[PDB]
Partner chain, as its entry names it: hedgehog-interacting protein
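Here we start with a single chain on its own, the form solved without its partner chain, put down as structure tokens.
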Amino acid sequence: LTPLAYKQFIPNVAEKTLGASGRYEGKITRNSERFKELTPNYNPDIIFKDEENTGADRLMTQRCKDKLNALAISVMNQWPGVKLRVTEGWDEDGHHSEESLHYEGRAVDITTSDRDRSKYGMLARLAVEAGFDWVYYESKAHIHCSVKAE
């Protein structure tokens, strides 16, 4: 269980390559038809910042849900008392560089619920083993994980 290092990513290739999360498919919108592909995650074992208060955070694809929920489990087991925390989910706001998987509900930024920056390296390792298609120690303040489109 070798935690990831700052700026490290597993698998060791570019996020949108085929061996990872795959191709950008197109910004999903509130109104657009694809939007119905998103369902809200109401997992009580997961903490959603939701600074938008829109509930956008909870909105993700099914695969993204699946992996996030597995990760929720292994996080508690790993550090009892602590829970998984999502800081950023689906983006309506448009504050991600063009072609981010956030626009499609396929990517999340996470921390532990206590913001102990020391557990992040390990959090990323758990996200890899929860089955996230690309895991990346994007910042010292959060792990970025994303999933293939299905």
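Positions refer to the first chain, counted from 1. Under this definition, the rigid core comprises the largest set of C-alpha atoms superposing within 1.5 Å between the forms.
- Root-mean-square C-alpha deviation from the shown form, taken over all structures in 5 other deposited structures of this protein superposed by the rigid core, is larger for 94 to 102 than for the alternative among 94 to 102 and 120 to 128.
- Taking only CA atoms, the mean B-factor in the PDB entry is higher for 11 to 19 than for the other of 11 to 19 and 123 to 131.
- Of the two stretches examined, 64 to 72 and 24 to 32, the record assigns the greater average C-alpha temperature factor to 24 to 32.
- Of the candidates 95, 83, 106, 115, the one whose C-alpha carries the top B factor in the deposited record is 95.
- Looking at the C-alpha B-factors along this chain, the one for residue 111 belongs to the lowest third.
- The PDB entry assigns residue 44 a C-alpha temperature factor belonging to the middle third of its chain's modelled residues.
- Looking at the C-alpha B-factors along this chain, the one for residue 147 belongs to the lowest third.
Unshown form deposited with its partner chain bound; subsequent notes refer to it.
- Remark: residue 85 counts among the residues lining its partner chain in the bound PDB entry, judged by a heavy atom distance of 4.5 Å or less.
- Though the partner is left out of this view, residue 5 does reach within 4.5 Å of its partner chain in the bound PDB entry, counting heavy atoms only.
- With a 4.5 Å cutoff on heavy atoms, residue 102 counts as touching its partner chain in the bound PDB entry.
- Of the heavy atoms in residue 27, none are within 4.5 Å of its partner chain in the bound PDB entry.
- No residues of 9 to 34 lie near its partner chain in the bound PDB entry, the criterion being any heavy atom within 4.5 Å.
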